[PDB]
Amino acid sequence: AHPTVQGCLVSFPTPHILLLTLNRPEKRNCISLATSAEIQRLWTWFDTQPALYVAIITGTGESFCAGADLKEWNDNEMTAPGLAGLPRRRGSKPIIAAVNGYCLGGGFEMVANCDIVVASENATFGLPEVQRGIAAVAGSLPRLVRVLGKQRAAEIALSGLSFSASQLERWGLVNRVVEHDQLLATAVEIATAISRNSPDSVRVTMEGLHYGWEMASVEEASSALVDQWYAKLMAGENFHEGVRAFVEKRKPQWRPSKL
């Protein structure tokens, strides 16, 4: 029993990993308002389901996602978490984008806020909003400034042109570029590594990484993580299992998080 998503597939590479496959490549994997809402409900489930540790989003064919359904938008409030629940997500658990092709407009605004990004060599990225008389207002602009630097975010967003996977790796957004055949396996390998770690440790690490984008100073972010999360982490059954496993020189057996 899992939520379903119209025009998409929901599957489980392992019992601890959720995969969303965007499955309307015939429409360049553009996302309707109804699909967007159903994807937001899947992430609500994911975040709340204690046994799920990591999620992946990917596309099909030559498209990752070309953004919102423009036929529908032509016939529209901009809020958090935004299109498919990603551009302005503040996640409790990490989501990996596996970008297999065109990643344009709202689709690129989705990826700019994913936790880890891997891309096939054929993937391309762009914000063509400026060419059509609108703008990328889903939340990517300040995020791209902080990942790519101002001048690279400016070249992408002001020009509206398409840029390669290799360019977005040199510029800081894409963690790894791999051959298309290896894309999903690479995302699953990274997800599997994360899924083997303590679920409490992964929750607290996500909080610490978020504070880096939320607070004016690195010291306020440092104090906040200790003050809000350190006692709770050390109180958990998982931390005590970690210490029993060290002292006993054996592998730790983790339980799902309540944090």
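The numbering used is simple: start at 1 and walk along the sequence shown.
**Q** Using none, 1 to 3, 4 to 9 or 10 or more, say how many deposited residues go missing between residue 75 and residue 76.
**A** Some 4 to 9 residues are missing between them.
**Q** Would you tell me which stretch averages the higher CA B-factor in the PDB entry, 16-24 or 233-241?
**A** For C-alpha atoms only, the mean B-factor is higher in 233-241.
**Q** Select between 78-86 and 115-123 the stretch whose C-alpha atoms have the higher average B-factor in the entry.
**A** Higher mean C-alpha B-factor in the PDB entry: 78-86.
**Q** Taking the Cα B-factors listed in the entry, which of 30, 56, 39, 216 comes out highest?
**A** So the option with the highest C-alpha B-factor is 216.
**Q** Against its chain's modelled residues, does residue 202's Cα B factor rank lowest, middle or highest third?
**A** Middle third of the chain for residue 202's C-alpha B-factor.
**Q** Going by the CA temperature factor in the PDB record, which third of the chain does residue 148 belong to: lowest, middle or highest?
**A** Bottom third by C-alpha B-factor.
**Q** So where's residue 182 on the chain's Cα temperature factor ranking, which third?
**A** For residue 182, whose C-alpha B-factor we compare with every modelled residue in the chain, the answer is the middle third.
**Q** Quick one: classify residue 134 as lowest, middle or highest third of the chain based on its Cα B-factor.
**A** Tercile = highest for this residue's CA B-factor.
**Q** Tell me, lowest, middle or highest third: where does the Cα B factor of residue 166 rank within its chain?
**A** Ranked within chain, residue 166 CA B lands in the middle tercile.
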